[PDB]
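I have placed the structure first, in the form of structure tokens, so that the comments after it can refer back to it.
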Amino acid sequence: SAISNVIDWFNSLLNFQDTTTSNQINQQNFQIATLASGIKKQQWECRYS
Amino acid sequence: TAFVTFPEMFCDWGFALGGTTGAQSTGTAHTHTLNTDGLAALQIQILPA
């Protein structure tokens with residue numbers, strides 16, 4: 001039972017590890033995309049975006 | 001939040017004229033004096049069906 005519990009805890013830790021890494025990558029990419037895009041000049045202010 | 005072809009402040013308001021006009025078409029040569037009685041703003045276009 002002790003080894004089985006250790007197996008379960010290690011699997012849970014690996015799941016948390018991968019979820020946290022994916023969340024970090026997604027958050028950083030989302031912030032970079034938001035910074036890259038955003039407000040653009042309207043048609044009357046200037047011709048180009 | 002909205003988008004407009006040109007700022008609504010023109011559609012709501014106008015500008016006061018000032019200065020002096022040029023030569024006339026015919027008659028005694030003279031130049032009229034502009035004042036606040038002259039309003040510069042957008043026009044109205046009629047349109048049939």
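In the structure tokens, the first chain shown is A, the next is B, and so on; residue numbers restart at 1 for each chain, and ligands run from 1 in the order shown.
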
Would you give me, as a ChimeraX atom specification, the residues of chain B that come within 10 Å of chain A, using only C-alpha atoms?
/B:3-7

Would you please give, as a list in words, all residues of chain B that DSSP assigns to alpha helix (DSSP H) based on the backbone?
residues 8, 9, 10, 11 and 12 of chain B

Separation of atom CA of residue 11 of chain B from atom CA of residue 33 of chain B in Å
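Atom CA of residue 11 of chain B lies 26.4 Å from atom CA of residue 33 of chain B.
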
Surrounding residues of residue 31 of chain B excluding itself and chain neighbours under 4 positions, 8 Å, only C-alpha atoms, as JSON, numbers by chain
{"B": [20, 21, 22, 23, 24]}

Can you tell me how far atom CA of residue 16 of chain B sits from atom CA of residue 43 of chain B, in Å to one decimal?
15.3 Å

Taking 5 positions as the minimum chain separation for residues in the same chain, which residues sit within 9 Å of residue 41 of chain B when counting only C-alpha atoms? Answer as a ChimeraX atom specification.
/B:10-11,13-15
